[PDB]
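S.K.: Handing you this structure, nothing more for now.
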Amino acid sequence: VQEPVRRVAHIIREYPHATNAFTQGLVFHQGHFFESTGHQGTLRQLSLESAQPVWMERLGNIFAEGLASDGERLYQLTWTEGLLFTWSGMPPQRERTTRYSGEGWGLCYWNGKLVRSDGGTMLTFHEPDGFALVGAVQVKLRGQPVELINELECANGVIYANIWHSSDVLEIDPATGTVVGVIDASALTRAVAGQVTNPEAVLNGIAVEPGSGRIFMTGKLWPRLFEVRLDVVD
Ligand SMILES: CCCCCCCCCC[N+](C)(C)[O-]
Ligand SMILES: [Ca+2]
């Protein structure tokens, strides 16, 4: 038991993002870059050369939320609807609708399981086929539960998680819920501050590219998505 590692996200490069996209899910999938939005609900494939998506399916009034990939299918939560959409093929088409209890904030895939956050302190673990709960951990930083756990990303042996309305990103051990790292991504929030006005225009959305290990972060309604390098601070 030691101090969580402290890191600072250093902006490597910036790319256009759409200022009308409320980013709730962000993941790489079968060579492409995907985003889930609510208000209005969409699944979109992003270009890094333009804010205009290369492909989008509109979900109407459904408030879509976190988005996970197992390499073959995309899995997409909803906020209070209790709907999980499972997408397959290229372009993705929905092949399954699944009802679940509780709220859907972030989602990622780890060790054959979907890991789900709901804005509380808990990460719950679910079977991809039918979304039955199989386990849970409480997310704890220095032994203390952390509320507001939002978009997820399963990479590098951890779960990366946004904290809603914070510029910190946690690194969580999925076996235990222990926070093993805290990333300061406040340079990203500072970077867009002169351009965003909406109260909900907050850092959210982490995706790691499988083929390159390159790490990307954005925010709701942000004009930019950022590639970051995570530097240890001592
Ligand atoms: C112009 C007003 C925009 C209202 C936005 C409401 C965002 C709800 C976000 C919920 N969650 C944290 C669950 O996504
Ligand atoms: Ca993600």
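Naming scheme: A, B, ... for chains in displayed order of the structure tokens; residues 1 onward per chain; ligands 1 onward as shown.
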Do you have, as CSV, the list of residues of chain A lying at most 9 Å from ligand 2, each with its nearest atom pair and that distance in Å to one decimal, counting only C-alpha atoms and all ligand atoms and ordered by chain then number?
M.R.:
residue,atom,partner,partner_atom_place_in_ligand_line,distance
A:24,CA,ligand 2,1 (Ca),8.8
A:25,CA,ligand 2,1 (Ca),5.7
A:26,CA,ligand 2,1 (Ca),4.3
A:27,CA,ligand 2,1 (Ca),4.6
A:28,CA,ligand 2,1 (Ca),8.0
A:35,CA,ligand 2,1 (Ca),8.7
A:66,CA,ligand 2,1 (Ca),7.4
A:67,CA,ligand 2,1 (Ca),6.5
A:68,CA,ligand 2,1 (Ca),6.6
A:69,CA,ligand 2,1 (Ca),8.9
A:106,CA,ligand 2,1 (Ca),7.7
A:107,CA,ligand 2,1 (Ca),7.2
A:108,CA,ligand 2,1 (Ca),6.5
A:151,CA,ligand 2,1 (Ca),6.0
A:152,CA,ligand 2,1 (Ca),4.7
A:153,CA,ligand 2,1 (Ca),3.9
A:154,CA,ligand 2,1 (Ca),7.3
A:160,CA,ligand 2,1 (Ca),8.0
A:161,CA,ligand 2,1 (Ca),8.2
A:204,CA,ligand 2,1 (Ca),8.9
A:205,CA,ligand 2,1 (Ca),5.7
A:206,CA,ligand 2,1 (Ca),4.5
A:207,CA,ligand 2,1 (Ca),4.5
A:208,CA,ligand 2,1 (Ca),7.5
A:217,CA,ligand 2,1 (Ca),8.9
S.K.: Would you kindly return, as a list in words, each protein, DNA or RNA residue with an atom no farther than 8 Å from any atom of region 48-50 of chain A, considering only C-alpha atoms and excluding same-chain residues fewer than 4 positions away?
M.R.: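 Counting only C-alpha atoms, the residues come to residues 15, 16 and 17 of chain A.
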S.K.: Taking the chain letters and numbering used in this document, name the residues of region 9-222 of chain A that DSSP puts in helix (DSSP H, G or I), as a ChimeraX atom specification.
M.R.: /A:186-192
S.K.: Please measure the separation of CA of residue 44 (chain A) and CA of residue 216 (chain A), giving the value in Å to one decimal.
M.R.: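 Distance reported for this atom pair: 16.0 Å.
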S.K.: Given only C-alpha atoms and all ligand atoms as the basis, pick out the residue of A:149, A:196, A:12, A:182 nearest to ligand 1.
M.R.: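 Looking at the shortest contact to ligand 1, the residue is A:149.
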S.K.: For residue 88 (chain A), list every protein, DNA or RNA residue within 8 Å, evaluated using only C-alpha atoms, and leave out those in the same chain fewer than 4 positions away; present the list as number ranges by chain.
M.R.: A: 72-74, 92-95
S.K.: If you count only C-alpha atoms, which residues fall within 8 Å of residue 14 (chain A), apart from same-chain ones fewer than 5 positions away, as a list in words?
M.R.: residues 224, 225, 226 and 227 of chain A
S.K.: Write a file of the selected residues as a compact mmCIF listing (two decimals), in the first residue's frame, keeping C-alpha atoms.
M.R.:
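again_31.txt, written as the output of this step:
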# COMPACT_ATOMS: atom_id res chain seq x y z
CA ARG A 224 -11.16 19.99 -29.19
CA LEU A 225 -10.11 16.46 -28.38
CA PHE A 226 -6.61 16.03 -27.04
CA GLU A 227 -3.92 13.43 -27.38
S.K.: Residues within 12 Å of ligand 1 should be enumerated using only C-alpha atoms and all ligand atoms and returned as a tab-separated table (two decimals) with C-alpha atoms, in the first residue's frame.
M.R.:
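Result went into pocket05.tsv, see below:
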chain	number	residue	atom	x	y	z
A	20	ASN	CA	-22.79	20.20	-29.88
A	21	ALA	CA	-21.64	16.67	-28.90
A	22	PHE	CA	-22.35	15.85	-25.18
A	23	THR	CA	-19.64	13.14	-24.96
A	24	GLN	CA	-20.81	10.30	-22.66
A	25	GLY	CA	-18.81	7.42	-24.13
A	36	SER	CA	-21.71	8.13	-27.66
A	37	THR	CA	-23.72	11.24	-26.92
A	38	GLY	CA	-26.91	12.09	-25.05
A	39	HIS	CA	-29.16	15.16	-25.62
A	40	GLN	CA	-29.56	14.10	-28.37
A	41	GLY	CA	-28.68	10.44	-28.30
A	62	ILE	CA	-32.73	8.32	-25.77
A	63	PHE	CA	-30.02	9.63	-23.44
A	64	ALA	CA	-27.11	7.37	-24.48
A	65	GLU	CA	-24.14	7.14	-22.09
A	66	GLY	CA	-21.03	4.98	-21.73
A	77	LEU	CA	-25.55	2.37	-21.90
A	78	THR	CA	-28.36	4.82	-21.37
A	79	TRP	CA	-28.78	7.26	-18.48
A	80	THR	CA	-32.14	6.43	-16.84
A	81	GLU	CA	-33.74	4.33	-19.59
A	102	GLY	CA	-30.11	1.46	-12.25
A	103	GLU	CA	-28.46	4.31	-14.09
A	104	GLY	CA	-25.78	3.97	-16.83
A	105	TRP	CA	-22.85	6.49	-16.75
A	106	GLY	CA	-19.51	4.88	-17.91
A	117	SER	CA	-20.25	3.15	-13.35
A	118	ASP	CA	-23.38	5.05	-12.31
A	119	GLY	CA	-22.18	8.29	-10.78
A	120	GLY	CA	-21.85	6.72	-7.30
A	147	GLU	CA	-18.29	9.64	-5.86
A	148	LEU	CA	-19.18	10.77	-9.41
A	149	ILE	CA	-17.38	8.02	-11.34
A	150	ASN	CA	-18.24	8.68	-15.00
A	151	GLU	CA	-16.74	7.67	-18.44
A	162	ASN	CA	-13.48	10.49	-15.32
A	163	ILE	CA	-14.94	12.10	-12.23
A	164	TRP	CA	-17.93	14.25	-13.18
A	165	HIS	CA	-17.06	17.99	-12.93
A	166	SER	CA	-13.48	17.22	-11.91
A	197	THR	CA	-19.86	28.42	-21.61
A	198	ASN	CA	-22.30	25.69	-20.83
A	199	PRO	CA	-22.25	24.43	-17.22
A	200	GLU	CA	-22.19	20.81	-18.41
A	201	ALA	CA	-19.23	21.38	-20.79
A	202	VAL	CA	-16.89	19.25	-18.69
A	203	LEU	CA	-13.97	16.86	-19.22
A	204	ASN	CA	-15.41	13.42	-19.97
A	205	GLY	CA	-14.40	10.79	-22.49
A	219	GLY	CA	-15.15	16.89	-22.86
A	220	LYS	CA	-18.80	17.53	-23.40
A	221	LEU	CA	-19.40	20.27	-26.05
S.K.: List the spatial neighbours of residue 100 (chain A) as a list in words - criterion: any atom at most 9 Å away, only C-alpha atoms, same-chain residues fewer than 4 positions off excluded.
M.R.: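 My reading of the contact set: residues 81, 82, 83, 84, 130, 131 and 132 of chain A.
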S.K.: Write the selection just made, keeping N, CA, C and O atoms, as a PDB file, in the first residue's frame?
M.R.:
ATOM      1  N   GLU A  81     -32.867   5.231 -18.807  1.00  0.00           N
ATOM      2  CA  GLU A  81     -33.745   4.328 -19.591  1.00  0.00           C
ATOM      3  C   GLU A  81     -33.603   2.868 -19.231  1.00  0.00           C
ATOM      4  O   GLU A  81     -34.538   2.050 -19.445  1.00  0.00           O
ATOM      5  N   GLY A  82     -32.461   2.478 -18.688  1.00  0.00           N
ATOM      6  CA  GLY A  82     -32.211   1.092 -18.410  1.00  0.00           C
ATOM      7  C   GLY A  82     -32.077   0.257 -19.652  1.00  0.00           C
ATOM      8  O   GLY A  82     -32.393  -0.923 -19.636  1.00  0.00           O
ATOM      9  N   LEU A  83     -31.695   0.920 -20.760  1.00  0.00           N
ATOM     10  CA  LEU A  83     -31.466   0.172 -22.022  1.00  0.00           C
ATOM     11  C   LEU A  83     -29.976   0.079 -22.296  1.00  0.00           C
ATOM     12  O   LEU A  83     -29.284   1.120 -22.314  1.00  0.00           O
ATOM     13  N   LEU A  84     -29.534  -1.105 -22.713  1.00  0.00           N
ATOM     14  CA  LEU A  84     -28.142  -1.329 -23.194  1.00  0.00           C
ATOM     15  C   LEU A  84     -28.314  -1.721 -24.653  1.00  0.00           C
ATOM     16  O   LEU A  84     -29.054  -2.686 -24.934  1.00  0.00           O
ATOM     17  N   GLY A 130     -26.540 -10.530 -21.810  1.00  0.00           N
ATOM     18  CA  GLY A 130     -27.751 -10.321 -20.965  1.00  0.00           C
ATOM     19  C   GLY A 130     -27.507  -9.345 -19.799  1.00  0.00           C
ATOM     20  O   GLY A 130     -28.476  -8.860 -19.180  1.00  0.00           O
ATOM     21  N   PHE A 131     -26.248  -8.977 -19.572  1.00  0.00           N
ATOM     22  CA  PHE A 131     -25.876  -7.910 -18.614  1.00  0.00           C
ATOM     23  C   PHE A 131     -26.180  -8.205 -17.109  1.00  0.00           C
ATOM     24  O   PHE A 131     -26.322  -7.251 -16.290  1.00  0.00           O
ATOM     25  N   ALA A 132     -26.287  -9.497 -16.769  1.00  0.00           N
ATOM     26  CA  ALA A 132     -26.434  -9.860 -15.368  1.00  0.00           C
ATOM     27  C   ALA A 132     -25.210  -9.390 -14.536  1.00  0.00           C
ATOM     28  O   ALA A 132     -24.074  -9.551 -14.953  1.00  0.00           O
TER      29      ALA A 132
END
S.K.: Using DSSP on the backbone coordinates, identify the residues of region 80-174 of chain A assigned to strand (DSSP E); present them as an mmCIF file with N, CA, C and O atoms, in the first residue's frame.
M.R.:
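Now in result_15.cif:
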data_model
loop_
_atom_site.group_PDB
_atom_site.id
_atom_site.type_symbol
_atom_site.label_atom_id
_atom_site.label_comp_id
_atom_site.auth_asym_id
_atom_site.auth_seq_id
_atom_site.Cartn_x
_atom_site.Cartn_y
_atom_site.Cartn_z
ATOM 1 N N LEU A 83 -31.695 0.920 -20.760
ATOM 2 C CA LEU A 83 -31.466 0.172 -22.022
ATOM 3 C C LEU A 83 -29.976 0.079 -22.296
ATOM 4 O O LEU A 83 -29.284 1.120 -22.314
ATOM 5 N N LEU A 84 -29.534 -1.105 -22.713
ATOM 6 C CA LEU A 84 -28.142 -1.329 -23.194
ATOM 7 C C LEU A 84 -28.314 -1.721 -24.653
ATOM 8 O O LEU A 84 -29.054 -2.686 -24.934
ATOM 9 N N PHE A 85 -27.640 -1.025 -25.566
ATOM 10 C CA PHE A 85 -27.689 -1.447 -27.000
ATOM 11 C C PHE A 85 -26.388 -2.137 -27.325
ATOM 12 O O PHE A 85 -25.298 -1.653 -26.977
ATOM 13 N N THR A 86 -26.459 -3.274 -28.025
ATOM 14 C CA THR A 86 -25.276 -3.994 -28.443
ATOM 15 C C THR A 86 -25.231 -3.890 -29.980
ATOM 16 O O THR A 86 -26.271 -4.108 -30.600
ATOM 17 N N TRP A 87 -24.110 -3.420 -30.460
ATOM 18 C CA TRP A 87 -23.948 -3.093 -31.888
ATOM 19 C C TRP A 87 -22.938 -4.035 -32.459
ATOM 20 O O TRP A 87 -21.924 -4.355 -31.818
ATOM 21 N N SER A 88 -23.145 -4.432 -33.740
ATOM 22 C CA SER A 88 -22.138 -5.292 -34.412
ATOM 23 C C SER A 88 -22.076 -4.918 -35.892
ATOM 24 O O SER A 88 -22.934 -4.208 -36.363
ATOM 25 N N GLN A 93 -24.420 -1.718 -36.412
ATOM 26 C CA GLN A 93 -25.889 -1.736 -36.398
ATOM 27 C C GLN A 93 -26.314 -2.385 -35.095
ATOM 28 O O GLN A 93 -25.721 -3.288 -34.683
ATOM 29 N N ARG A 94 -27.371 -1.904 -34.490
ATOM 30 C CA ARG A 94 -27.807 -2.530 -33.270
ATOM 31 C C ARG A 94 -28.392 -3.909 -33.517
ATOM 32 O O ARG A 94 -29.250 -4.120 -34.389
ATOM 33 N N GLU A 95 -27.909 -4.844 -32.753
ATOM 34 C CA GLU A 95 -28.388 -6.210 -32.850
ATOM 35 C C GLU A 95 -29.116 -6.702 -31.643
ATOM 36 O O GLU A 95 -29.780 -7.776 -31.706
ATOM 37 N N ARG A 96 -29.000 -5.949 -30.531
ATOM 38 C CA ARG A 96 -29.656 -6.386 -29.313
ATOM 39 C C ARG A 96 -30.041 -5.183 -28.496
ATOM 40 O O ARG A 96 -29.286 -4.185 -28.450
ATOM 41 N N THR A 97 -31.183 -5.275 -27.831
ATOM 42 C CA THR A 97 -31.590 -4.341 -26.768
ATOM 43 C C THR A 97 -31.757 -5.093 -25.479
ATOM 44 O O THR A 97 -32.447 -6.136 -25.472
ATOM 45 N N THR A 98 -31.145 -4.588 -24.414
ATOM 46 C CA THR A 98 -31.175 -5.346 -23.121
ATOM 47 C C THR A 98 -31.631 -4.389 -22.030
ATOM 48 O O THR A 98 -31.172 -3.212 -21.994
ATOM 49 N N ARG A 99 -32.577 -4.842 -21.181
ATOM 50 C CA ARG A 99 -33.034 -3.951 -20.045
ATOM 51 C C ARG A 99 -32.179 -4.291 -18.804
ATOM 52 O O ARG A 99 -31.829 -5.443 -18.545
ATOM 53 N N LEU A 107 -18.843 2.887 -19.082
ATOM 54 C CA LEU A 107 -18.773 1.482 -19.383
ATOM 55 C C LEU A 107 -17.452 1.113 -20.034
ATOM 56 O O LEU A 107 -16.950 1.820 -20.898
ATOM 57 N N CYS A 108 -16.862 0.008 -19.607
ATOM 58 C CA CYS A 108 -15.691 -0.507 -20.330
ATOM 59 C C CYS A 108 -15.670 -2.045 -20.220
ATOM 60 O O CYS A 108 -16.541 -2.637 -19.589
ATOM 61 N N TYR A 109 -14.766 -2.695 -20.963
ATOM 62 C CA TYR A 109 -14.702 -4.155 -21.008
ATOM 63 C C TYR A 109 -13.402 -4.678 -20.430
ATOM 64 O O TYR A 109 -12.328 -4.301 -20.934
ATOM 65 N N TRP A 110 -13.452 -5.583 -19.461
ATOM 66 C CA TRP A 110 -12.208 -6.051 -18.821
ATOM 67 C C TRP A 110 -12.428 -7.520 -18.459
ATOM 68 O O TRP A 110 -13.410 -7.852 -17.781
ATOM 69 N N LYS A 113 -15.751 -9.179 -18.972
ATOM 70 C CA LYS A 113 -16.878 -8.583 -18.257
ATOM 71 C C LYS A 113 -17.049 -7.124 -18.667
ATOM 72 O O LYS A 113 -16.054 -6.409 -18.891
ATOM 73 N N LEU A 114 -18.288 -6.647 -18.680
ATOM 74 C CA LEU A 114 -18.584 -5.210 -18.860
ATOM 75 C C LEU A 114 -18.502 -4.563 -17.476
ATOM 76 O O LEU A 114 -19.108 -5.101 -16.528
ATOM 77 N N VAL A 115 -17.754 -3.470 -17.343
ATOM 78 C CA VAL A 115 -17.620 -2.771 -16.028
ATOM 79 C C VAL A 115 -18.401 -1.483 -16.147
ATOM 80 O O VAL A 115 -18.210 -0.734 -17.106
ATOM 81 N N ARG A 116 -19.288 -1.212 -15.197
ATOM 82 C CA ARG A 116 -20.235 -0.109 -15.315
ATOM 83 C C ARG A 116 -20.140 0.859 -14.114
ATOM 84 O O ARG A 116 -20.119 0.399 -12.963
ATOM 85 N N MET A 122 -19.472 2.994 -6.994
ATOM 86 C CA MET A 122 -19.304 1.608 -7.224
ATOM 87 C C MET A 122 -19.011 1.328 -8.677
ATOM 88 O O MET A 122 -19.564 2.016 -9.555
ATOM 89 N N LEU A 123 -18.203 0.314 -8.915
ATOM 90 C CA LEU A 123 -18.095 -0.259 -10.266
ATOM 91 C C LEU A 123 -18.729 -1.638 -10.203
ATOM 92 O O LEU A 123 -18.399 -2.452 -9.335
ATOM 93 N N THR A 124 -19.691 -1.867 -11.096
ATOM 94 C CA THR A 124 -20.331 -3.177 -11.125
ATOM 95 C C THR A 124 -19.900 -3.951 -12.346
ATOM 96 O O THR A 124 -19.594 -3.374 -13.395
ATOM 97 N N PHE A 125 -19.841 -5.256 -12.206
ATOM 98 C CA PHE A 125 -19.300 -6.102 -13.264
ATOM 99 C C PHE A 125 -20.441 -6.954 -13.817
ATOM 100 O O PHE A 125 -21.219 -7.515 -13.008
ATOM 101 N N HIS A 126 -20.537 -7.047 -15.167
ATOM 102 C CA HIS A 126 -21.706 -7.692 -15.819
ATOM 103 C C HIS A 126 -21.335 -8.637 -16.927
ATOM 104 O O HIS A 126 -20.338 -8.432 -17.624
ATOM 105 N N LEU A 133 -25.519 -8.837 -13.354
ATOM 106 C CA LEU A 133 -24.454 -8.475 -12.418
ATOM 107 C C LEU A 133 -23.770 -9.716 -11.869
ATOM 108 O O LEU A 133 -24.431 -10.677 -11.390
ATOM 109 N N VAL A 134 -22.459 -9.703 -11.947
ATOM 110 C CA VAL A 134 -21.630 -10.786 -11.387
ATOM 111 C C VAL A 134 -20.730 -10.390 -10.209
ATOM 112 O O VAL A 134 -20.194 -11.296 -9.473
ATOM 113 N N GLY A 135 -20.519 -9.088 -10.029
ATOM 114 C CA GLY A 135 -19.731 -8.637 -8.902
ATOM 115 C C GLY A 135 -19.681 -7.125 -8.810
ATOM 116 O O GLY A 135 -20.270 -6.424 -9.652
ATOM 117 N N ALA A 136 -18.935 -6.617 -7.830
ATOM 118 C CA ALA A 136 -18.764 -5.156 -7.730
ATOM 119 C C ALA A 136 -17.530 -4.851 -6.863
ATOM 120 O O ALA A 136 -17.082 -5.700 -6.098
ATOM 121 N N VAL A 137 -16.967 -3.668 -7.102
ATOM 122 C CA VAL A 137 -15.924 -3.055 -6.177
ATOM 123 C C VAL A 137 -16.344 -1.673 -5.852
ATOM 124 O O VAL A 137 -16.973 -1.007 -6.667
ATOM 125 N N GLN A 138 -15.881 -1.188 -4.705
ATOM 126 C CA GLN A 138 -16.050 0.239 -4.400
ATOM 127 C C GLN A 138 -14.747 0.955 -4.745
ATOM 128 O O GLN A 138 -13.651 0.522 -4.352
ATOM 129 N N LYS A 140 -11.985 3.437 -4.230
ATOM 130 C CA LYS A 140 -11.438 4.126 -3.025
ATOM 131 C C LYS A 140 -10.060 4.735 -3.356
ATOM 132 O O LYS A 140 -9.164 4.058 -3.845
ATOM 133 N N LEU A 141 -9.953 6.044 -3.100
ATOM 134 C CA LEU A 141 -8.712 6.762 -3.130
ATOM 135 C C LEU A 141 -8.217 6.967 -1.675
ATOM 136 O O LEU A 141 -8.877 7.624 -0.879
ATOM 137 N N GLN A 144 -10.707 5.932 0.835
ATOM 138 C CA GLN A 144 -11.955 6.716 0.977
ATOM 139 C C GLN A 144 -12.745 6.605 -0.357
ATOM 140 O O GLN A 144 -12.164 6.798 -1.428
ATOM 141 N N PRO A 145 -14.042 6.321 -0.274
ATOM 142 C CA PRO A 145 -14.842 6.143 -1.534
ATOM 143 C C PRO A 145 -14.838 7.431 -2.364
ATOM 144 O O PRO A 145 -14.782 8.535 -1.795
ATOM 145 N N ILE A 149 -18.176 8.801 -10.383
ATOM 146 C CA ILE A 149 -17.383 8.023 -11.344
ATOM 147 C C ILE A 149 -18.192 7.986 -12.658
ATOM 148 O O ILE A 149 -19.365 7.644 -12.671
ATOM 149 N N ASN A 150 -17.538 8.426 -13.740
ATOM 150 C CA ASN A 150 -18.244 8.677 -15.002
ATOM 151 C C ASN A 150 -17.588 7.864 -16.174
ATOM 152 O O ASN A 150 -17.457 6.674 -16.046
ATOM 153 N N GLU A 151 -17.143 8.499 -17.285
ATOM 154 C CA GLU A 151 -16.740 7.666 -18.438
ATOM 155 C C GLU A 151 -15.535 6.787 -18.094
ATOM 156 O O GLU A 151 -14.647 7.246 -17.287
ATOM 157 N N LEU A 152 -15.491 5.562 -18.636
ATOM 158 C CA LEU A 152 -14.459 4.595 -18.299
ATOM 159 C C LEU A 152 -13.605 4.260 -19.481
ATOM 160 O O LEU A 152 -13.992 4.484 -20.619
ATOM 161 N N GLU A 153 -12.443 3.701 -19.201
ATOM 162 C CA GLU A 153 -11.574 3.168 -20.273
ATOM 163 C C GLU A 153 -10.733 2.044 -19.706
ATOM 164 O O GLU A 153 -9.985 2.261 -18.718
ATOM 165 N N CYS A 154 -10.857 0.849 -20.270
ATOM 166 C CA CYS A 154 -10.075 -0.296 -19.736
ATOM 167 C C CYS A 154 -8.781 -0.453 -20.586
ATOM 168 O O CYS A 154 -8.835 -0.818 -21.766
ATOM 169 N N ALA A 155 -7.624 -0.082 -20.034
ATOM 170 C CA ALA A 155 -6.385 -0.181 -20.786
ATOM 171 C C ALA A 155 -5.228 -0.205 -19.777
ATOM 172 O O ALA A 155 -5.341 0.297 -18.647
ATOM 173 N N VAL A 158 -5.441 -1.103 -15.991
ATOM 174 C CA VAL A 158 -6.288 -0.329 -15.079
ATOM 175 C C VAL A 158 -7.628 0.014 -15.729
ATOM 176 O O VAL A 158 -7.806 -0.125 -16.939
ATOM 177 N N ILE A 159 -8.512 0.523 -14.925
ATOM 178 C CA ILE A 159 -9.650 1.307 -15.436
ATOM 179 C C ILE A 159 -9.394 2.782 -15.273
ATOM 180 O O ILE A 159 -9.249 3.222 -14.118
ATOM 181 N N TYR A 160 -9.326 3.526 -16.379
ATOM 182 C CA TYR A 160 -9.212 4.971 -16.292
ATOM 183 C C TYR A 160 -10.653 5.454 -16.099
ATOM 184 O O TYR A 160 -11.557 4.930 -16.753
ATOM 185 N N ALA A 161 -10.867 6.470 -15.272
ATOM 186 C CA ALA A 161 -12.257 6.956 -15.068
ATOM 187 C C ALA A 161 -12.216 8.445 -14.940
ATOM 188 O O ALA A 161 -11.469 8.998 -14.091
ATOM 189 N N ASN A 162 -13.169 9.088 -15.613
ATOM 190 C CA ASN A 162 -13.481 10.486 -15.320
ATOM 191 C C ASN A 162 -14.229 10.576 -14.023
ATOM 192 O O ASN A 162 -14.898 9.585 -13.605
ATOM 193 N N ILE A 163 -14.136 11.780 -13.425
ATOM 194 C CA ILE A 163 -14.944 12.099 -12.228
ATOM 195 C C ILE A 163 -15.744 13.312 -12.693
ATOM 196 O O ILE A 163 -15.179 14.299 -13.148
ATOM 197 N N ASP A 168 -9.556 15.705 -12.592
ATOM 198 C CA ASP A 168 -8.751 14.543 -12.270
ATOM 199 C C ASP A 168 -9.334 13.308 -12.967
ATOM 200 O O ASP A 168 -10.558 13.158 -13.083
ATOM 201 N N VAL A 169 -8.440 12.450 -13.412
ATOM 202 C CA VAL A 169 -8.841 11.127 -13.945
ATOM 203 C C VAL A 169 -8.221 10.081 -13.068
ATOM 204 O O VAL A 169 -7.013 10.150 -12.747
ATOM 205 N N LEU A 170 -8.998 9.101 -12.624
ATOM 206 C CA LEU A 170 -8.458 8.103 -11.786
ATOM 207 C C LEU A 170 -7.926 6.934 -12.625
ATOM 208 O O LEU A 170 -8.460 6.649 -13.685
ATOM 209 N N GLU A 171 -6.943 6.227 -12.065
ATOM 210 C CA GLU A 171 -6.522 4.929 -12.540
ATOM 211 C C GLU A 171 -6.897 3.934 -11.439
ATOM 212 O O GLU A 171 -6.414 4.056 -10.328
ATOM 213 N N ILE A 172 -7.760 2.958 -11.757
ATOM 214 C CA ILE A 172 -8.398 2.079 -10.757
ATOM 215 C C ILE A 172 -7.967 0.625 -11.038
ATOM 216 O O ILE A 172 -8.001 0.156 -12.181
#
S.K.: Check the smallest atom-to-atom distance from each of A:189, A:18, A:183, A:215 to residue 232 (chain A) using only C-alpha atoms, then report the winner.
M.R.: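 That would be A:183, the residue with the smallest distance to residue 232 (chain A).
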S.K.: Closest to residue 210 (chain A) among A:31, A:52, A:180, A:139, using only C-alpha atoms?
M.R.: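 Checking each candidate against residue 210 (chain A), we get A:31 as the closest.
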S.K.: Report, in Å to a single decimal, how far apart CA of residue 42 (chain A) and CA of residue 184 (chain A) are.
M.R.: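 Interatomic distance here is 28.9 Å.
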